[PDB]
$ cat data07.cif   # mmCIF, C-alpha atoms
data_coords
loop_
_atom_site.group_PDB
_atom_site.id
_atom_site.type_symbol
_atom_site.label_atom_id
_atom_site.label_comp_id
_atom_site.auth_asym_id
_atom_site.auth_seq_id
_atom_site.Cartn_x
_atom_site.Cartn_y
_atom_site.Cartn_z
ATOM 1 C CA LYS A 1 36.493 176.702 162.726
ATOM 2 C CA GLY A 2 35.811 180.435 162.487
ATOM 3 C CA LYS A 4 39.454 173.289 159.377
ATOM 4 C CA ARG A 5 42.336 174.923 161.253
ATOM 5 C CA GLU B 17 60.356 184.960 179.286
ATOM 6 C CA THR B 18 59.693 181.209 179.257
ATOM 7 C CA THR B 19 57.694 180.788 182.464
ATOM 8 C CA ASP B 20 55.350 177.797 182.411
ATOM 9 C CA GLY B 21 51.795 178.511 181.340
ATOM 10 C CA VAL B 22 49.469 179.096 178.408
ATOM 11 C CA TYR B 23 50.191 182.028 176.075
ATOM 12 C CA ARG B 24 48.496 183.939 173.278
ATOM 13 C CA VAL B 25 50.349 184.154 169.949
ATOM 14 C CA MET B 26 49.854 187.624 168.501
ATOM 15 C CA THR B 27 50.838 189.485 165.348
ATOM 16 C CA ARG B 28 51.187 193.230 164.824
ATOM 17 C CA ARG B 29 52.479 195.503 162.071
ATOM 18 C CA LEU B 30 52.015 199.279 162.329
ATOM 19 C CA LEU B 31 48.564 199.250 163.977
ATOM 20 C CA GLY B 32 46.730 196.921 166.365
ATOM 21 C CA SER B 33 47.328 193.274 167.170
ATOM 22 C CA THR B 34 45.580 190.092 166.061
ATOM 23 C CA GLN B 35 45.554 186.834 168.006
ATOM 24 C CA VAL B 36 46.556 184.086 165.576
ATOM 25 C CA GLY B 37 46.855 181.289 168.131
ATOM 26 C CA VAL B 38 47.847 179.966 171.532
ATOM 27 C CA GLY B 39 50.555 177.721 172.895
ATOM 28 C CA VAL B 40 52.021 176.029 175.940
ATOM 29 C CA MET B 41 55.290 176.834 177.688
ATOM 30 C CA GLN B 42 56.582 173.772 179.571
ATOM 31 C CA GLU B 43 60.148 172.922 180.597
ATOM 32 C CA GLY B 44 61.527 175.957 178.780
ATOM 33 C CA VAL B 45 59.977 174.977 175.435
ATOM 34 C CA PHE B 46 57.098 176.688 173.646
ATOM 35 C CA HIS B 47 54.621 174.366 171.909
ATOM 36 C CA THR B 48 52.037 175.405 169.321
ATOM 37 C CA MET B 49 50.404 174.287 166.089
ATOM 38 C CA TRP B 50 52.457 174.799 162.939
ATOM 39 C CA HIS B 51 49.662 176.640 161.131
ATOM 40 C CA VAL B 52 49.693 179.351 163.828
ATOM 41 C CA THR B 53 53.276 180.504 163.233
ATOM 42 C CA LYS B 54 54.216 178.786 159.938
ATOM 43 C CA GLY B 55 57.359 177.813 161.768
ATOM 44 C CA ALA B 56 58.651 181.406 162.076
ATOM 45 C CA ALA B 57 60.495 182.867 165.068
ATOM 46 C CA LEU B 58 58.626 184.344 168.046
ATOM 47 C CA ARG B 59 59.288 187.327 170.279
ATOM 48 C CA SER B 60 58.815 186.902 174.030
ATOM 49 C CA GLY B 61 59.228 190.254 175.707
ATOM 50 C CA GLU B 62 62.700 191.380 174.670
ATOM 51 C CA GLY B 63 63.795 187.835 173.801
ATOM 52 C CA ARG B 64 63.635 185.722 170.658
ATOM 53 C CA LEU B 65 62.427 182.117 170.551
ATOM 54 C CA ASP B 66 63.761 180.103 167.630
ATOM 55 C CA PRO B 67 62.011 177.091 166.081
ATOM 56 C CA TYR B 68 63.634 173.835 167.151
ATOM 57 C CA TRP B 69 61.480 170.849 166.132
ATOM 58 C CA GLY B 70 58.401 170.587 163.978
ATOM 59 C CA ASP B 71 56.359 168.442 161.640
ATOM 60 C CA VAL B 72 53.862 169.864 159.149
ATOM 61 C CA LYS B 73 51.988 166.548 158.888
ATOM 62 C CA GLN B 74 51.322 166.604 162.640
ATOM 63 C CA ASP B 75 50.752 170.374 162.387
ATOM 64 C CA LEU B 76 53.088 170.958 165.365
ATOM 65 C CA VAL B 77 56.151 173.062 166.169
ATOM 66 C CA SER B 78 58.316 173.590 169.231
ATOM 67 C CA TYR B 79 60.606 176.498 170.121
ATOM 68 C CA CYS B 80 63.847 176.523 172.153
ATOM 69 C CA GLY B 81 64.046 172.745 172.510
ATOM 70 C CA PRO B 82 62.418 169.432 171.634
ATOM 71 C CA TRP B 83 58.743 168.657 172.151
ATOM 72 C CA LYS B 84 58.148 168.112 175.889
ATOM 73 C CA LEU B 85 54.427 167.236 176.112
ATOM 74 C CA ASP B 86 54.281 163.480 176.645
ATOM 75 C CA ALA B 87 50.879 162.805 178.229
ATOM 76 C CA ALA B 88 48.411 160.777 176.182
ATOM 77 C CA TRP B 89 44.633 160.652 176.175
ATOM 78 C CA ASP B 90 43.719 157.384 177.893
ATOM 79 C CA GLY B 91 41.159 156.582 175.192
ATOM 80 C CA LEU B 92 38.317 156.543 177.722
ATOM 81 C CA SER B 93 38.024 159.572 179.984
ATOM 82 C CA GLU B 94 36.566 163.039 179.630
ATOM 83 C CA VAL B 95 39.053 165.814 178.894
ATOM 84 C CA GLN B 96 39.112 169.607 179.187
ATOM 85 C CA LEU B 97 39.872 172.163 176.513
ATOM 86 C CA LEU B 98 41.556 175.153 178.165
ATOM 87 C CA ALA B 99 40.317 177.507 175.477
ATOM 88 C CA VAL B 100 42.054 180.876 175.150
ATOM 89 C CA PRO B 101 39.883 182.651 172.571
ATOM 90 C CA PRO B 102 40.838 186.045 171.150
ATOM 91 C CA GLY B 103 39.754 188.776 173.528
ATOM 92 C CA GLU B 104 38.506 186.370 176.230
ATOM 93 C CA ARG B 105 40.160 184.949 179.338
ATOM 94 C CA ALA B 106 41.049 181.282 179.490
ATOM 95 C CA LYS B 107 38.113 178.970 180.140
ATOM 96 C CA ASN B 108 37.835 175.230 180.745
ATOM 97 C CA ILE B 109 35.326 173.162 178.755
ATOM 98 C CA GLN B 110 34.864 169.485 179.625
ATOM 99 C CA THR B 111 33.875 166.962 176.959
ATOM 100 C CA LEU B 112 33.971 163.260 176.124
ATOM 101 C CA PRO B 113 36.057 162.986 172.935
ATOM 102 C CA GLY B 114 34.894 161.266 169.829
ATOM 103 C CA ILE B 115 37.271 159.525 167.459
ATOM 104 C CA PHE B 116 38.928 160.241 164.129
ATOM 105 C CA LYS B 117 39.325 156.766 162.618
ATOM 106 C CA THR B 118 42.248 156.805 160.184
ATOM 107 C CA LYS B 119 44.037 154.104 158.209
ATOM 108 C CA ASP B 120 46.896 154.429 160.718
ATOM 109 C CA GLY B 121 44.795 154.280 163.891
ATOM 110 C CA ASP B 122 42.346 156.199 166.018
ATOM 111 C CA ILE B 123 42.861 159.746 167.315
ATOM 112 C CA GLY B 124 40.724 161.343 169.995
ATOM 113 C CA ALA B 125 38.762 164.335 168.729
ATOM 114 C CA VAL B 126 36.723 167.063 170.434
ATOM 115 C CA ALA B 127 33.495 168.525 169.053
ATOM 116 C CA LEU B 128 34.113 172.055 170.351
ATOM 117 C CA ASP B 129 34.031 175.140 168.129
ATOM 118 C CA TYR B 130 36.035 178.319 168.772
ATOM 119 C CA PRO B 131 37.542 181.112 166.661
ATOM 120 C CA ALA B 132 40.578 180.269 164.562
ATOM 121 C CA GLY B 133 42.873 182.215 166.889
ATOM 122 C CA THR B 134 42.105 179.664 169.616
ATOM 123 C CA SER B 135 44.368 177.233 167.716
ATOM 124 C CA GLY B 136 47.043 175.807 169.983
ATOM 125 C CA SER B 137 44.940 175.867 173.138
ATOM 126 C CA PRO B 138 45.810 172.873 175.328
ATOM 127 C CA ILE B 139 43.591 169.879 176.001
ATOM 128 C CA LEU B 140 44.037 168.455 179.502
ATOM 129 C CA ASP B 141 43.589 165.228 181.430
ATOM 130 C CA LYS B 142 42.248 165.257 184.990
ATOM 131 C CA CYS B 143 45.778 165.697 186.384
ATOM 132 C CA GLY B 144 46.152 168.873 184.333
ATOM 133 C CA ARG B 145 48.690 167.350 181.962
ATOM 134 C CA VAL B 146 48.537 168.499 178.352
ATOM 135 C CA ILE B 147 47.379 165.544 176.235
ATOM 136 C CA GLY B 148 47.372 167.569 173.005
ATOM 137 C CA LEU B 149 46.625 170.861 171.286
ATOM 138 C CA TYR B 150 43.333 172.031 169.782
ATOM 139 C CA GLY B 151 42.871 173.310 166.271
ATOM 140 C CA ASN B 152 43.530 170.827 163.463
ATOM 141 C CA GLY B 153 40.415 168.999 162.357
ATOM 142 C CA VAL B 154 37.417 168.866 160.042
ATOM 143 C CA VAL B 155 34.113 170.620 159.383
ATOM 144 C CA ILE B 156 31.165 168.196 159.376
ATOM 145 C CA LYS B 157 28.031 168.442 157.268
ATOM 146 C CA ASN B 158 26.159 170.996 159.394
ATOM 147 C CA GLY B 159 29.143 173.370 159.494
ATOM 148 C CA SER B 160 30.267 172.543 163.031
ATOM 149 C CA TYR B 161 33.830 171.676 163.928
ATOM 150 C CA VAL B 162 35.694 168.675 165.300
ATOM 151 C CA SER B 163 39.360 169.013 166.327
ATOM 152 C CA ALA B 164 41.858 166.209 166.704
ATOM 153 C CA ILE B 165 43.585 165.987 170.078
ATOM 154 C CA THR B 166 46.976 166.550 168.432
ATOM 155 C CA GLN B 167 49.979 165.350 170.470
ATOM 156 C CA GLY B 168 53.644 165.136 169.520
ATOM 157 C CA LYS B 169 56.297 162.671 170.635
ATOM 158 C CA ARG B 170 58.746 163.511 173.408
ATOM 159 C CA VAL C 49 55.740 191.036 160.988
ATOM 160 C CA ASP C 50 56.129 191.130 164.783
ATOM 161 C CA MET C 51 54.829 187.755 165.985
ATOM 162 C CA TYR C 52 55.024 187.645 169.776
ATOM 163 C CA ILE C 53 53.641 185.777 172.774
ATOM 164 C CA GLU C 54 51.925 186.978 175.926
ATOM 165 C CA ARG C 55 51.068 184.970 179.006
ATOM 166 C CA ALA C 56 47.389 184.145 179.384
ATOM 167 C CA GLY C 57 47.139 181.950 182.447
ATOM 168 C CA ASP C 58 48.012 178.846 184.385
ATOM 169 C CA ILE C 59 47.270 175.373 183.031
ATOM 170 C CA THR C 60 44.880 173.787 185.536
ATOM 171 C CA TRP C 61 41.972 171.342 185.380
ATOM 172 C CA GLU C 62 38.737 172.926 186.619
ATOM 173 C CA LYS C 63 36.740 170.871 189.099
ATOM 174 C CA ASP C 64 32.986 170.676 188.447
ATOM 175 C CA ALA C 65 33.317 172.012 184.910
ATOM 176 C CA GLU C 66 30.657 172.549 182.268
ATOM 177 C CA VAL C 67 30.373 169.456 180.042
ATOM 178 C CA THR C 68 29.350 169.949 176.430
ATOM 179 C CA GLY C 69 29.736 168.547 172.940
ATOM 180 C CA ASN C 70 29.005 165.167 171.442
ATOM 181 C CA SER C 71 31.475 162.339 170.719
ATOM 182 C CA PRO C 72 31.458 161.898 166.939
ATOM 183 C CA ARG C 73 32.879 158.823 165.255
ATOM 184 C CA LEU C 74 34.335 160.025 161.950
ATOM 185 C CA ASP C 75 36.349 158.413 159.160
ATOM 186 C CA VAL C 76 39.145 160.776 158.168
ATOM 187 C CA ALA C 77 42.316 160.902 156.121
ATOM 188 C CA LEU C 78 45.488 162.869 156.901
ATOM 189 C CA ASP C 79 47.602 164.128 154.007
ATOM 190 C CA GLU C 80 51.337 164.861 153.991
ATOM 191 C CA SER C 81 50.708 168.577 154.533
ATOM 192 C CA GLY C 82 48.780 168.018 157.768
ATOM 193 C CA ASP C 83 45.250 168.417 156.420
ATOM 194 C CA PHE C 84 42.547 166.184 157.836
ATOM 195 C CA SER C 85 39.628 165.469 155.510
ATOM 196 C CA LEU C 86 36.443 163.456 155.886
ATOM 197 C CA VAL C 87 36.459 160.284 153.823
ATOM 198 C CA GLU C 88 33.572 160.573 151.345
#

$ encode --input "data07.cif" --output "structure tokens"
Amino acid sequence: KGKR
Amino acid sequence: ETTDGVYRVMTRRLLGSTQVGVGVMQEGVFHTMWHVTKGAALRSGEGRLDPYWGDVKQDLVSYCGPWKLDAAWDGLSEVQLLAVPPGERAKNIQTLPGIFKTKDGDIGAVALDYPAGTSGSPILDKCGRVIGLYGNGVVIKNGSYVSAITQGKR
Amino acid sequence: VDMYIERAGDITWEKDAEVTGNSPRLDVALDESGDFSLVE
């Protein structure tokens, strides 16, 4: 993820 | 200004731009994940798109009209993420979803990991219909990512 | 803040695509603010  | 297709969602102040997400234009309505825009208005060329419907619990928002994406994962078949990562052209990645088991039922989920600004990229069935949007999920023990296939109701 | 959209392509299934990723079976919870969390 770079949870969203 | 609202031609069908997949779009990047960008922000800019006085300097360069940042890709914060992605969304789908279908039937004159723009569809993205709530966390991308926080439900704020969008510019499209010289036009303004105003929020119309949304639901923070689903992490979804639509602009210009009600949610139009009605296709559902069939609970069986492979799907494709049409990933639109920051600074990269759209690419299709095929996968067999896993499952988020919740108290309220099962949700398909894809174990595919992309930068945060890929949020809102569409997940497709074999007919090319959008069965949900990528980017709301969990991080499992090893640090990798699993996204729900998040779909609204038309 | 100027938040704006720009077209990035057509929405089309790709024939003979690369297949990757596993198919995890996870127990999760969804809170009223839209956060998913693993049930521990």

$ atom_distance --input "data07.cif" --atom1 "CA of residue 141 in chain B" --atom2 "CA of residue 68 in chain C"
15.8 Å

$ closest_residue --input "data07.cif" --among "C:58, C:88, C:79, C:50" --to "residue 105 in chain B" --atoms "only C-alpha atoms"
C:58

$ resolve_selection --input "data07.cif" --expression "the PyMOL selection byres ((chain B) within 6 of (chain A))" --output "compact mmCIF listing (two decimals) with C-alpha atoms, keeping the file's coordinate frame"
# COMPACT_ATOMS: atom_id res chain seq x y z
CA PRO B 131 37.54 181.11 166.66
CA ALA B 132 40.58 180.27 164.56
CA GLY B 151 42.87 173.31 166.27
CA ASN B 152 43.53 170.83 163.46
CA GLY B 153 40.42 169.00 162.36
CA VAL B 154 37.42 168.87 160.04
CA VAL B 155 34.11 170.62 159.38
CA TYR B 161 33.83 171.68 163.93

$ interface_residues --input "data07.cif" --of "chain C" --to "chain B" --cutoff "6 Å" --atoms "all atoms listed in the file" --output "MDAnalysis selection string"
chainID C and resid 49:61 66:69 71:77 80:82 84

$ atom_distance --input "data07.cif" --atom1 "CA of residue 166 in chain B" --atom2 "CA of residue 49 in chain B"
8.8 Å

$ atom_distance --input "data07.cif" --atom1 "CA of residue 149 in chain B" --atom2 "CA of residue 135 in chain B"
7.6 Å
